[PDB]
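Engineer: Residue numbers (our numbering): 2 to 136. Beta carbons: idealized from backbone N, C-alpha and C, even for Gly.
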């Protein structure tokens, strides 16, 4: 076209393989940060789990970019932490890791089949566990 835009006035990026965008990354990281009840990311909010496919979507926004890696390693991480939560919550009649904290009020179903899930998030592992300890 006659506009001619490039990396010239779009920050100091490009020419270093593919790279993500903040409309890709920031929201990713944000919704991602959001899955975590705290920024230590040692605990997970369950309302965010519905956005895990969205976090995958934002990671999908990272898709094709280098950030994707990092962010897949964030995403997949976060996804696992929640999936873990899900896994074990999924064993209860009602989730028992909710907001990084287990629901002792939960009900480890007759279908509850727990796994010593390591998400890499220890405190989460320990809350994952928490639930399993209801099981």
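What are the partner residues of residue 45, as DSSP defines its beta bridges?
Structural biologist: Note: residue 45 sits in a beta bridge opposite 37.
Engineer: Can you tell me which of 15, 58, 12 and 113 puts its alpha carbon nearest to the alpha carbon of residue 31?
Structural biologist: Among 15, 58, 12 and 113, the Cα nearest to that of residue 31 is on 58.
Engineer: Following the continuous alpha helix (DSSP H) through residue 135, name the residue where it begins and the one where it ends.
Structural biologist: That residue, residue 135, is in no alpha helix (DSSP H); it is neither H nor E in DSSP.
Engineer: When the Cα of residue 54 is compared with those of 84, 8, 70 and 68, which residue comes out closest?
Structural biologist: For residue 54, the nearest C-alpha among the options comes from 84.
Engineer: Buried or exposed: residue 117, going by 16 or more other Cβ atoms within 10 Å of its Cβ?
Structural biologist: Classification for residue 117: exposed.
Engineer: So, with DSSP's three-state summary, where would you put residue 72?
Structural biologist: Helix.
Engineer: Hey, is the region 92–104 in contact with the region 68–77, meaning 3+ C-beta pairs nearer than 8 Å?
Structural biologist: Contact between the region 92–104 and the region 68–77 is absent, because fewer than three Cβ pairs lie under 8 Å.
Engineer: From residue 125 to residue 19, what distance separates their C-alpha atoms?
Structural biologist: Answer to the nearest angstrom: the Cα atoms are 33 Å apart.
Engineer: Considering only residues of the same chain and omitting the five flanking positions on each side of residue 121, which have a CB-CB separation below 8 Å?
Structural biologist: The answer, listed in chain order, is 78, 81 and 82.
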